[PDB]
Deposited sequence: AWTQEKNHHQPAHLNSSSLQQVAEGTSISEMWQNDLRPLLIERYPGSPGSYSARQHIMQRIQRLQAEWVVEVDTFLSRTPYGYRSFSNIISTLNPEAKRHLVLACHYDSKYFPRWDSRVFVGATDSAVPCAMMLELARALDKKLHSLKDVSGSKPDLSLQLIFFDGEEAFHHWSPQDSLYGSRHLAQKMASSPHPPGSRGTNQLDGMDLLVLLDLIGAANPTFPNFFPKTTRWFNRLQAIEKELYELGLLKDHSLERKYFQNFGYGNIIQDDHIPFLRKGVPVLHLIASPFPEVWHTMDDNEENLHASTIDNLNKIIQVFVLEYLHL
C-alpha cells in the first residue's frame, strides 16, 4: 500500500560536491532582504500585517520557477476574542503526487496588546522559519522545478493562528493547524481514492519553529522520525566537516539527541494526532527572547540561520532524491 511508503522511504545522500552546491546555492542575505524582512511586521491573525505577510509569502513562492500551486485555507474560528479569520497558506509541488514531504512554519505572530509603539514580530517565531522555507524554495528552485517530470514531492505550509490569542491552551492555539489537519483528513487523496486522504499523503511533516537565535538545540521528539533526525545530525556533521557551515563547530551540535524530547505543543500536534510523522524542529530551550519584543531582527543570528538553511535544504534534496 502506498501510504506505507513513507515508512520505508530512504534519503538519497548527496556527495561532497552536491553538498558544496547546496551550501553555495543559498544566500542568507538574500533571504534576509527578500524573504525575512517583509515578514518582520506585526502579523497576528486579522492584522494588516497578516495579509501583507500572506501576500509576501505567496508572491515569493509564485515568482519561482517550480510549479508551486498556492492555496489559502481561510476560515473563521472562535478565539477568546470572538470569531476571527485565519488563512493557512499551502504551497504544493505536484499536487497530484500521492506523497509530499511537508515543511511548515506558522506565519502569524502572537498577538499582544498594543501598549506602546513596539510590536511583537516573532522574528524567530516564526518569521525566520517561514523565510527559511521561502529561501529553501528559492535556493532549490531549479531542482524542485525538475520534479514536474516515488510519487513524492514537496509541500510548504505556512500556518496561520498557531499562537494563542490570550493564554495558550488547546482551545486557544493552533487554530490554523487544527483547521488544516481536519481539512486534510476530509480531503481524499489522491482524488477519488476511497480511504486515503491528504494526511496519508504527508510523508513527513517537518515543522520549523523558534529558529534564528544563536546556539539553538533541536531535540529529537519522536521515535517514528528519529532516522530523519539522524539525517539532520549527519548533514550538520558532514557540512561542518566540509567547511560549509559558518561560525559553528560540533561542540554544541544543533541536532543533539538527548533522548526523546518531551513533546512541545505546536502546529504539528493536530497532524501527529492523526499519525502523520513529524519532525519538530523547534529550538529547545526557547530563545531568551521568546514572546518578548526583542524577538526581533537584531537578535537574530544570521550564521545560525544560514547553517540551518544549508542543513535543511540538504535534508530536503536528499529526501526528494534531488
Expected output for missing-CA ranges on the deposited sequence is 150 to 154
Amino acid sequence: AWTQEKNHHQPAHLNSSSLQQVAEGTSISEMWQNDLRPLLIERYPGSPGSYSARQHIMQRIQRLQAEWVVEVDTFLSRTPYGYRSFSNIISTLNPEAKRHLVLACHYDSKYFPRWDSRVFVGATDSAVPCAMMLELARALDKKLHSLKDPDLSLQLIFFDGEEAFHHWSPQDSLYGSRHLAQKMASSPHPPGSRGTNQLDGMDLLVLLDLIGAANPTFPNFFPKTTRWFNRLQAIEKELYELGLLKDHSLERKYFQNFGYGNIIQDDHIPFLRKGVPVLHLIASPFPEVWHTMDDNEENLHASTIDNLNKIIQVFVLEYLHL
From here on, numbers count along this sequence of modelled residues.
Of 162 to 170 and 130 to 138, the stretch with the higher mean C-alpha B-factor in the deposited entry is 162 to 170
Avg C-alpha B-factor, entry values, 115 to 123 vs 101 to 109, higher side is 115 to 123
When the entry's CA B-factors for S153, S87, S186, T79 are compared, the highest one belongs to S186
Among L207, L242, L204, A181, the highest C-alpha B-factor in the PDB entry belongs to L242
On the chain's distribution of Cα B-factors, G176 falls within the third called lowest
On the chain's distribution of Cα B-factors, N309 falls within the third called lowest
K274: CA temperature factor from the record, placed by chain third, in the highest
For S91, the third of its chain by CA B-factor is the lowest
Sorting the chain's modelled residues by C-alpha B-factor and splitting them into thirds places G212 in the lowest
